[PDB]
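Worksheet: one structure, shown below.
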Amino acid sequence: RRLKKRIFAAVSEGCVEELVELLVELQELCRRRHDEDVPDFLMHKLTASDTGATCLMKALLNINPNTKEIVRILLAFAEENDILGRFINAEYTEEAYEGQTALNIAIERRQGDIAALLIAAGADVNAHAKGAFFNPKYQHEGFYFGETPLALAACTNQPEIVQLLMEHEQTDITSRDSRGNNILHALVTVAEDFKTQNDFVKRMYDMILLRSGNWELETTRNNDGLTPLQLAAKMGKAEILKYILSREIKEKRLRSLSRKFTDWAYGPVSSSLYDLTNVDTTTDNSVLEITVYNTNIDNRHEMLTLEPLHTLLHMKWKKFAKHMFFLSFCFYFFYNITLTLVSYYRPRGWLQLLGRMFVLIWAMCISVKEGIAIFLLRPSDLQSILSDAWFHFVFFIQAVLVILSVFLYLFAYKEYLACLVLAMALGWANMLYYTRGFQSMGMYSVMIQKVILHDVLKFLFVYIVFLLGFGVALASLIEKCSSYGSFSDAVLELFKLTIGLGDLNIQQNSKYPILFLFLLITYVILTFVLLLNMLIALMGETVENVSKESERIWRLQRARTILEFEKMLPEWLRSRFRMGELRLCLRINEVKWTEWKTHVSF
Amino acid sequence: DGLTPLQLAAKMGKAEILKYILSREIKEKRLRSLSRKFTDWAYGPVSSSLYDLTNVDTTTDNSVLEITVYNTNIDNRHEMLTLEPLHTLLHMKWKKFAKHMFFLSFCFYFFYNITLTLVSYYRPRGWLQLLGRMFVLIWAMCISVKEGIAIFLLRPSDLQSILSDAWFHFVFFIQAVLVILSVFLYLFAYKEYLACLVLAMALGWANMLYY
Amino acid sequence: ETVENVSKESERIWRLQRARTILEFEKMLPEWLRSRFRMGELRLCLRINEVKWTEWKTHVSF
């Protein structure tokens with residue numbers, strides 16, 4: 001009741017003589033045997049009852065210029081009463097830091113010598129700090145480091161303790177923690193995608209993999225089924241991905257770990273074989289399909305520009321995707337030409353039935369294809385971000401409008417013309433999707449979507465309240481017997497007056513003509529001059545901001561087209577795999593006239 | 001003037017001395033009551049710390065939050081409103097009780113303007129309008145007296161010089177007095193109530209951009 | 001020129017207008033219902049907790 005808090009206050013600040021006198025006094029209080037329990041009474045007088053923290057963690061959490069010898073005499077006292085086997089490896093009891101033993105706090109607080117002192121004293125290294133704070137839901141709620149002391153020494157940039165732990169006998173390196181991660185997935189989750197100056201994590205990954213010297217750390221999957229390569233492609237870290245995909249290590253006994261084998265080099269020309277184990281579309285979930293089909297990252301073009309992704313997409317294009325894209329565009333052009341010629345020569349016999357049937361067949365095909373492609377619209381993050389969720393909707397709406405027009409035409413209903421001309425107008429406005437094949441037209445097909453979604457929806461969501469306010473404030477003072485008779489004619493007159501049409505004549509059948517004229521002049525100064533040109537200043541800002549970022553959007557849209565047309569193929573006709581076994585080992589060759597010349601000029 | 005060094009450094013707009021004073025961690029004993037932030041525990045990047053809220057709240061009548069928000073004579077007000085314990089204080093003060101009050105005020109003003117629009121559109125060129133005229137008159141008297149108080153406290157006359165929300169008090173008060181003037185001219189024999197009523201309705205629908 | 005100069009300075013103006021709305025709605029309350037004060041005595045001592053992933057990583061990387 002009194003010695004426990006006394007020794008807990010004693011261990012904190014570092015009064016050594018008070019500490020050793022209270023430990024020998026605790027030994028005398030232990031000497032009078034109450035014959036209840038040998039270890040539980042010692043734990044009750046040594047560990048706190050609320051948190052679970054022992055005197056060792058309290059010594060380590062509160063470092064001071066006399067912090068080593070208090071741990072040494074405390075371990076000597078633990079060594080004295082035969083308690084050290086269940087004392088130096090004690091964990092928390094609460095479910096917050098549940099598992100955080102003394103070795104983790106020793107490693108985290110940059111105390112390497114105390115860490116080696118505990119590991120030489122018989123500390124456990126396979127401990128798992130599996131508390132909920134250690135594996136939180138997001139990145140901002142807790143410290144995720146893989147809950148092992150080896151990964152904690154690796155992520156906090158202390159390579160001394162990493163070398164000190166890998167040379168130990170018991171420290172299993174491929175130990176998978178609660179999420180499934182080994183040390184390499186934890187190193188990937190800590191790393192930073194932007195090229196910062198001293199990035200320790202690439203060096204740590206390098207030396208840990210070379211110190212292990214086995215393929216096993218590189219290919220174990222976590223609970224989501226992702227290797228470190230697929231995980232670094234998932235999270236969007238371009239530097240670790242660029243290191244892993246092109247890893248050239250030259251000496252013998254570390255050569256099966258390499259992934260790029262340079263075959264021959266001469267000046268700037270170099271031919272090299274890359275490895276394509278998990279970077280293809282052979283398997284169901286790979287680096288190409290991950291780095292193209294993401295939405296949760298921003299540097300997708302920073303990842304799609306490095307080999308063997310760039311040459312893989314070029315070979316995949318010029319082998320079989322260019323002809324499939326131009327063939328799809330030709331079929332959609334003939335479908336829209338046939339729909340236009342049918343809907344223009346409407347009967348106000350035997351020349352239309354051929355001409356109606358191809359339209360109906362291709363409409364049923366397009367509707368069921370988009371029905372499948374929106375049935376797989378499960379993640380609902382593709383809807384949030386601009387990447388090609390819209391065109392599935394518009395193609396499906398045009399197909400169902402065509403088939404609804406045909407089924408209303410074959411019956412006695414004469415409202416088929418509305419559905420048919422909406423189908424034809426939508427079908428000719430959908431041809432801008434096929435302007436992603438060129439380079440100078442992708443910047444013109446993405447601008448429409450960025451400007452409609454960013455600016456014009458905002459300006460219309462403000463302009464509707466001025467339109468409604470002045471519409472009822474003008475229509476309600478017109479005497480019933482000029483043009484402003486109803487609400488829904490005054491709203492049309494104000495819309496005509498906004499876009500430069502319409503008559504701003506004086507004489508409407510009012511009883512207050514000066515008030516009517518003042519409201520009309522105020523509306524024209526608010527929306528013809530102030531609101532409209534402010535919208536055009538905003539649209540200029542959006543178009544300027546997107547036309548300096550057009551080529552990234554075009555490359556990403558082309559890559560998504562590649563992988564969609566590649567998934568469209570059957571299992572046969574995928575006889576276009578890359579290269580025979582060396583492993584797949586795609587052979588590429590490139591010239592680097594900029595790096596060779598600055599490498600030589602020094 | 002009744003200002004501590006903390007309130008003075010918030011008044012003059014000096015962000016560096018304010019950032020030093022509000023988060024002052026001194027670690028040795030005998031200089032620990034002078035500290036204002038007590039760091040409770042730290043682990044890697046996660047840190048939990050207790051800050052002090054003596055003169056940084058709205059408990060007293062003149063404090064650092066009320067000074068650094070309600071100023072006009074400075075330019076770096078966002079440089080001061082982004083440091084703790086002001087940022088988390090405004091977030092807690094929002095999500096506890098101010099979000100519901102703001103959305104409730106917006107819903108009441110939307111229903112007041114919908115009722116004013118439906119009354120002023122179906123003008124008689126009986127028993128369906130009197131309910132419909134009376135809620136408009138009650139909420140107009142409430143809004144007019146609220147803005148009358150809020151412009152009665154418009155003493156400094158530097159809030160008029162700088163864009164911060166002196167305009168909307170004027171426009172809300174003008175729309176409220178236009179509504180009550182239209183009602184009092186409608187209950188008499190005057191037929192110039194339509195001018196005041198449609199100016200009130202147009203101003204009431206252009207005032208929804210404040211929300 | 002004005003719209004370009006204000007749309008690169010919009011988020012400051014929005015944060016300041018939100019803060020003025022907070023303090024106005026807080027002054028609107030009576031003396032009762034200000035049972036939403038921050039934290040009991042240690043002094044008031046608001047407890048906050050934050051992660052600083054940028055300062056920790058550059059502090060560690062040296």
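For the structure tokens, the naming scheme is as follows: chains receive sequential letters (A, B, ...) according to their order of presentation, residues are indexed from 1 within each chain, and ligands are indexed from 1 in presentation order.
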Q | Within 10 Å of residue 35 in chain B using only C-alpha atoms, minus same-chain residues under 4 positions, as a PyMOL selection string | A | chain B and resi 21-27+31+51-52
Q: Give the residues of chain A that lie within 7 Å of chain C; count only C-alpha atoms, and format the answer as a ChimeraX atom specification.
A: /A:140,156-157,198,200,537
Selection to disk with N, CA and C atoms, as a PDB file, in the first residue's frame:
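For reference, selection.pdb as written:
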ATOM      1  N   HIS A 140      -3.204   7.513 -38.918  1.00  0.00           N
ATOM      2  CA  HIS A 140      -3.116   8.651 -38.016  1.00  0.00           C
ATOM      3  C   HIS A 140      -3.519   8.320 -36.588  1.00  0.00           C
ATOM      4  N   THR A 156      12.742   2.431 -37.091  1.00  0.00           N
ATOM      5  CA  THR A 156      13.165   3.619 -36.367  1.00  0.00           C
ATOM      6  C   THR A 156      14.625   3.970 -36.616  1.00  0.00           C
ATOM      7  N   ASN A 157      15.227   3.405 -37.667  1.00  0.00           N
ATOM      8  CA  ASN A 157      16.560   3.751 -38.174  1.00  0.00           C
ATOM      9  C   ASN A 157      17.640   3.580 -37.110  1.00  0.00           C
ATOM     10  N   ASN A 198      17.640  11.946 -47.319  1.00  0.00           N
ATOM     11  CA  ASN A 198      18.220  10.755 -46.703  1.00  0.00           C
ATOM     12  C   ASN A 198      17.081   9.799 -46.385  1.00  0.00           C
ATOM     13  N   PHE A 200      16.321   6.397 -45.320  1.00  0.00           N
ATOM     14  CA  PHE A 200      16.981   5.265 -44.693  1.00  0.00           C
ATOM     15  C   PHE A 200      16.351   3.936 -45.061  1.00  0.00           C
ATOM     16  N   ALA A 537     -13.563  33.120 -65.578  1.00  0.00           N
ATOM     17  CA  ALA A 537     -12.257  33.193 -64.920  1.00  0.00           C
ATOM     18  C   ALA A 537     -11.926  31.895 -64.189  1.00  0.00           C
TER      19      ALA A 537
END
Q: Taking the chain letters and numbering used in this document, name the residues of chain B that DSSP puts in strand (DSSP E or B), as a ChimeraX atom specification.
A: /B:37-43,46-51
Hey, can you spit out that residue selection with N, CA, C and O atoms as a CSV table (one decimal), in the first residue's frame?
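Final file, out.csv:
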chain,number,residue,atom,x,y,z
B,37,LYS,N,2.6,23.2,-21.6
B,37,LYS,CA,2.2,21.9,-22.2
B,37,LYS,C,3.0,20.8,-21.5
B,37,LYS,O,4.2,20.9,-21.3
B,38,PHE,N,2.2,19.8,-21.0
B,38,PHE,CA,2.8,18.7,-20.3
B,38,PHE,C,2.7,17.5,-21.2
B,38,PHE,O,1.5,17.0,-21.4
B,39,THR,N,3.8,17.0,-21.8
B,39,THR,CA,3.6,15.8,-22.6
B,39,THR,C,3.5,14.5,-21.8
B,39,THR,O,4.4,14.2,-21.0
B,40,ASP,N,2.4,13.9,-22.0
B,40,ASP,CA,2.0,12.7,-21.2
B,40,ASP,C,2.8,11.5,-21.6
B,40,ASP,O,3.4,10.8,-20.8
B,41,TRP,N,2.6,11.1,-22.9
B,41,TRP,CA,3.4,10.0,-23.4
B,41,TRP,C,3.7,10.1,-24.9
B,41,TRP,O,2.9,10.7,-25.6
B,42,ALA,N,4.8,9.5,-25.3
B,42,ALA,CA,5.2,9.6,-26.7
B,42,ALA,C,5.8,8.3,-27.1
B,42,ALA,O,6.4,7.6,-26.4
B,43,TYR,N,5.5,8.0,-28.4
B,43,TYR,CA,5.9,6.7,-28.9
B,43,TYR,C,6.0,6.9,-30.4
B,43,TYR,O,4.9,6.9,-31.1
B,46,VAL,N,3.4,9.1,-32.4
B,46,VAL,CA,2.2,9.4,-31.7
B,46,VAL,C,2.6,10.1,-30.4
B,46,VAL,O,3.6,9.7,-29.7
B,47,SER,N,1.9,11.2,-30.0
B,47,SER,CA,2.2,11.8,-28.8
B,47,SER,C,0.9,12.4,-28.2
B,47,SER,O,0.1,13.0,-28.9
B,48,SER,N,0.7,12.1,-26.9
B,48,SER,CA,-0.4,12.7,-26.1
B,48,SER,C,0.1,13.6,-25.1
B,48,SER,O,1.0,13.3,-24.3
B,49,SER,N,-0.5,14.8,-25.1
B,49,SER,CA,0.0,15.9,-24.2
B,49,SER,C,-1.1,16.8,-23.7
B,49,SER,O,-2.1,16.9,-24.4
B,50,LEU,N,-0.9,17.3,-22.5
B,50,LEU,CA,-1.9,18.1,-21.9
B,50,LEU,C,-1.5,19.6,-22.0
B,50,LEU,O,-0.4,19.9,-21.6
B,51,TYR,N,-2.4,20.4,-22.6
B,51,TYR,CA,-2.1,21.8,-22.8
B,51,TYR,C,-2.9,22.5,-21.7
B,51,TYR,O,-3.8,22.0,-21.1
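Any residue of chain B with an atom no more than 9 Å from chain A counts as a contact; using only C-alpha atoms, that gives residues 41, 43, 44, 45, 46, 117, 120, 121, 122, 123, 125, 194, 195, 197, 198, 199, 200, 201, 202, 203, 204, 205, 206, 208 and 209 of chain B.
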Go ahead and save the picked residues with N, CA, C and O atoms, as a CSV table (one decimal), in the first residue's frame.
chain,number,residue,atom,x,y,z
B,41,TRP,N,2.6,11.1,-22.9
B,41,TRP,CA,3.4,10.0,-23.4
B,41,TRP,C,3.7,10.1,-24.9
B,41,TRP,O,2.9,10.7,-25.6
B,43,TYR,N,5.5,8.0,-28.4
B,43,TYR,CA,5.9,6.7,-28.9
B,43,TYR,C,6.0,6.9,-30.4
B,43,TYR,O,4.9,6.9,-31.1
B,44,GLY,N,7.2,7.0,-31.0
B,44,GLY,CA,7.4,7.2,-32.4
B,44,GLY,C,6.8,8.5,-32.8
B,44,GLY,O,7.3,9.6,-32.3
B,45,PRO,N,5.8,8.5,-33.7
B,45,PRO,CA,5.2,9.8,-34.0
B,45,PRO,C,3.9,10.1,-33.2
B,45,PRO,O,3.5,11.2,-33.2
B,46,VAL,N,3.4,9.1,-32.4
B,46,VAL,CA,2.2,9.4,-31.7
B,46,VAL,C,2.6,10.1,-30.4
B,46,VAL,O,3.6,9.7,-29.7
B,117,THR,N,-41.8,33.0,-50.2
B,117,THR,CA,-42.0,32.9,-51.6
B,117,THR,C,-43.4,32.4,-52.0
B,117,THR,O,-44.1,33.0,-52.9
B,120,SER,N,-45.8,35.4,-51.4
B,120,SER,CA,-45.7,36.5,-52.3
B,120,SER,C,-46.0,36.1,-53.8
B,120,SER,O,-46.2,36.9,-54.6
B,121,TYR,N,-46.0,34.8,-54.1
B,121,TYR,CA,-46.4,34.4,-55.4
B,121,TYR,C,-47.9,34.2,-55.5
B,121,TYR,O,-48.5,34.6,-56.5
B,122,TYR,N,-48.6,33.7,-54.5
B,122,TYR,CA,-50.0,33.5,-54.5
B,122,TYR,C,-50.7,34.7,-53.8
B,122,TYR,O,-51.5,34.6,-52.9
B,123,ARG,N,-50.3,35.9,-54.3
B,123,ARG,CA,-51.0,37.1,-53.8
B,123,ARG,C,-52.4,37.2,-54.3
B,123,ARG,O,-52.8,36.6,-55.3
B,125,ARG,N,-54.2,39.2,-56.0
B,125,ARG,CA,-54.4,39.9,-57.2
B,125,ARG,C,-55.3,41.2,-57.0
B,125,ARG,O,-55.2,41.8,-56.0
B,194,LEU,N,-46.7,45.5,-52.5
B,194,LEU,CA,-46.1,44.6,-53.4
B,194,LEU,C,-44.7,44.9,-53.7
B,194,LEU,O,-43.9,44.0,-53.9
B,195,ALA,N,-44.3,46.2,-53.8
B,195,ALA,CA,-43.0,46.6,-54.0
B,195,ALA,C,-42.1,46.1,-52.9
B,195,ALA,O,-41.0,45.5,-53.1
B,197,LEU,N,-42.7,43.8,-50.7
B,197,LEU,CA,-42.8,42.4,-50.6
B,197,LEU,C,-41.9,41.7,-51.6
B,197,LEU,O,-41.2,40.7,-51.3
B,198,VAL,N,-41.9,42.1,-52.9
B,198,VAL,CA,-41.0,41.4,-53.8
B,198,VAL,C,-39.6,41.8,-53.7
B,198,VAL,O,-38.7,41.0,-54.0
B,199,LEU,N,-39.3,43.0,-53.2
B,199,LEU,CA,-37.9,43.3,-52.8
B,199,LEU,C,-37.4,42.4,-51.7
B,199,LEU,O,-36.3,41.9,-51.6
B,200,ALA,N,-38.3,42.2,-50.7
B,200,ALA,CA,-38.0,41.3,-49.6
B,200,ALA,C,-37.8,39.9,-50.1
B,200,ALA,O,-36.9,39.2,-49.6
B,201,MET,N,-38.6,39.4,-51.0
B,201,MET,CA,-38.4,38.0,-51.5
B,201,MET,C,-37.1,37.8,-52.3
B,201,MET,O,-36.4,36.8,-52.2
B,202,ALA,N,-36.8,38.8,-53.2
B,202,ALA,CA,-35.6,38.7,-54.0
B,202,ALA,C,-34.4,38.8,-53.1
B,202,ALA,O,-33.4,38.1,-53.3
B,203,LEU,N,-34.4,39.7,-52.1
B,203,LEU,CA,-33.3,39.8,-51.1
B,203,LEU,C,-33.2,38.5,-50.3
B,203,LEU,O,-32.1,38.1,-49.9
B,204,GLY,N,-34.3,37.9,-49.9
B,204,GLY,CA,-34.3,36.7,-49.1
B,204,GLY,C,-33.8,35.5,-49.8
B,204,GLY,O,-33.2,34.7,-49.2
B,205,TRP,N,-34.0,35.5,-51.1
B,205,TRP,CA,-33.4,34.3,-51.8
B,205,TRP,C,-31.9,34.6,-52.3
B,205,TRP,O,-31.2,33.7,-52.5
B,206,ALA,N,-31.5,35.9,-52.4
B,206,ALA,CA,-30.1,36.1,-52.6
B,206,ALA,C,-29.3,36.0,-51.3
B,206,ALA,O,-28.1,36.0,-51.4
B,208,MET,N,-29.3,33.5,-49.3
B,208,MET,CA,-29.0,32.1,-49.0
B,208,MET,C,-27.5,31.8,-49.3
B,208,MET,O,-27.1,30.7,-48.9
B,209,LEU,N,-26.8,32.7,-49.9
B,209,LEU,CA,-25.4,32.4,-50.2
B,209,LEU,C,-24.6,32.6,-48.9
B,209,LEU,O,-23.4,32.2,-48.9
Q: Tell me which of B:118, B:149, B:6, B:176 sits closest to chain C, counting only C-alpha atoms.
A: B:149
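We find CA of residue 6 in chain A and CA of residue 78 in chain A to be spaced 17.8 Å apart.
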Q: Find the spatial neighbours of residue 550 in chain A, counting only C-alpha atoms, within a cut-off of 10 Å - ignore same-chain residues fewer than 5 positions away - and output them as number ranges by chain.
A: A: 439-444, 446-447, 545, 555
Q. Which neighbours of residue 229 in chain A fall inside 8 Å, counting only C-alpha atoms, when residues of the same chain fewer than 5 positions from it are skipped, and could you give them as a PyMOL selection string?
A. chain A and resi 218+241+244+278+287
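When CA of residue 561 in chain A is paired with CA of residue 373 in chain A, their separation reads 13.6 Å.
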